[PDB]
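First comes one chain, alone, set out as structure tokens in the form deposited in one PDB entry.
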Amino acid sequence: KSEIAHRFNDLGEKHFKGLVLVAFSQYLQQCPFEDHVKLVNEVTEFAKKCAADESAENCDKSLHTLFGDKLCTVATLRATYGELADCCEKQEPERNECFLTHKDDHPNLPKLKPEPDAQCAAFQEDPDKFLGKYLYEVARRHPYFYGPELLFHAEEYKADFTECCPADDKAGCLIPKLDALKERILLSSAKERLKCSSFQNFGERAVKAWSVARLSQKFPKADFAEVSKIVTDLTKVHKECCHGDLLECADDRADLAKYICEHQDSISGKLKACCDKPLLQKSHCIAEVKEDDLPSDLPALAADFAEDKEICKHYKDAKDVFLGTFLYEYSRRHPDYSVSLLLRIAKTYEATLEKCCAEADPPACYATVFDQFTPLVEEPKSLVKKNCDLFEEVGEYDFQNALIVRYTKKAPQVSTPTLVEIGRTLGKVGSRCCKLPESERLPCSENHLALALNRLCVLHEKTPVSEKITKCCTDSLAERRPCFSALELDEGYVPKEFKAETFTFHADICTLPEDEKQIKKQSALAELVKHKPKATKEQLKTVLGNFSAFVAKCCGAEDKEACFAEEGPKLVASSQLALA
């Protein structure tokens, strides 16, 4: 009878409110925390009233009609959300589409600083207000965040403040936990944003293609019907989360985790650990599980996909199924490839059949189809080897700067804080992936790139500035990284006017932590490239090294400001000469 009641019964009071908190935070990102808790409570109260009397007035309304309605009751809508008010004129699902469109990928809120004893204080005072604040903060900063997974992280967050607040040294145990948690939030948010961007830009078939490749790798011992079934369910789960259908999304998630754990013996040996765990941890561990060992009975593949005389008929008869099988098969045996790579291979396979099967002797034509995969494989392998050598030689910061030069050359219209955030995330991929066993480096690298590039496409959606960026972001999901790789120096670009103040430094910088000092330098670097786009990376490395030296000297000076003031302008002009 009543959807609200149903979700309520299923989910429980705790998680139900949790996800309603997240839903709302993600929808209306600028509302005070208070205004959200009261909305959650109100809706939760209605839910209880429905759970007890499902016939009751309005209980039978859809979830979206009910949330939409509550979000439209919110204080100062037109002033606070001028765009959002128009959404309230509209009924469901129109209304919801409207909220979604008008969600903010870059709200640039205050950085979350963990003040350990001020928050340990608030935590003891009221643990529930404390954790719910964290859900709010995190949800509004990452409005497409995997909702269920946030509740999970919010629990780790509890366990941090639980195991650190009584401990005599607060900061020392707390600050690195919280920093690690933030690393994890950011990565998680980027995996999920890539999921939702794919639904929105490429659709369901593309998301399933991605899932089939990835789960085939993760569960190489599960047979095709089983991979199919999981992917079908998983896709549905992320589709609902991506449309803000969070309650529905959590319930389907629980069911799918129950399912996978019923069947774990025909899915993967690695699940055991995850199945002996409480609900949220189990879902998390399934989500993050490592690839199983490859089975000894993997079938040769030449027979079915290359030598068989009937391939065109099967391909013509059941396209998505045939290809699906191929992809399952090629991916089970290739944990050593990025999902992108597998998807590219699958397209070249499809494209070999369309070609061959319209010809005279198709079997003579498709007999060599495996051999077309070779150049697809070597190109990323090189990328990863070459960029890992560089990284191993010069370390994160230099590697980041190399990437900032690269990106600013390709898209000098993008704003400096974007190119710096990107270049930096891209170099963190070095840190993450290059250290790994060699056969692991390609998938780590390209899987991680897909996240940063998608983060770029997302920003570029809001603030479009380069056609070269639009084309890469919109032509093909599987071709994105290669399309990006291939951009050179935009030569239609007109160097940005020189503004000396931008390269002029002051004593303020000296009191910054290392992370932040780099950011200011790295920003100058982008700006150096904007003004001198034909300067080589080597030339810029030397200029910036000149800049670092000067910042370090003046920071260690008696009179930091006079040092900056005397030396800075000479360095600013002479450095222009170094970038011819």
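Numbers for residues come from their place in the sequence shown, where the first is 1. For the two forms, the rigid core is made up of the largest set of C-alpha atoms that agree within 1.5 Å on superposition.
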Practice task
Taking the mean of the C-alpha B-factors per stretch from the entry, tell me the winner out of 205-213 and 261-269.
Solution key: 261-269
Practice task
Would you tell me which stretch averages the higher CA B-factor in the PDB entry, 107-115 or 462-470?
Solution key: 107-115
Fill in the blank from the handout: Among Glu192, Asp398, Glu421, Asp361, the highest C-alpha B-factor in the PDB entry belongs to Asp361
Exercise for the section: In terms of CA temperature factor as recorded, identify the highest of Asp389, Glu248, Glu183, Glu149. Expected result: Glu183
Practice task
Just say lowest, middle or highest third for the CA B-factor of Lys553 relative to the other modelled residues in its chain.
Solution key: middle
Practice task
Give the position of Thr76 by CA B-factor within its chain, expressed as the lowest, middle or highest third.
Solution key: highest
Completion exercise
Chain thirds by Cα B factor, record data; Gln372 belongs to the middle
Completion exercise
Entry-reported C-alpha B-factor of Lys221 relative to its chain, by third, is middle
Practice task
Taking the chain's C-alpha temperature factors as the reference, tell me which third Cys59 falls into: lowest, middle or highest.
Solution key: highest
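Beyond the structure shown, there is the form deposited in another entry, which is absent from this document and is the topic of what follows.
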Problem - Core-superposed comparison between this form and the one not shown: the option from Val465, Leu187, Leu109, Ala171 whose CA moves 2 angstroms or more - result: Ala171
Problem - Core-aligned C-alpha movement of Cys555 between this form and the one not shown, 2 Å or more - result: yes
Practice task
Indicate whether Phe202 shows a C-alpha shift of 2 Å or more between this form and the one not shown, with the rigid core used for the fit.
Solution key: no
Exercise for the section: For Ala79, state whether the C-alpha moves by 2 Å or more between this form and the one not shown after rigid core superposition. Expected result: yes
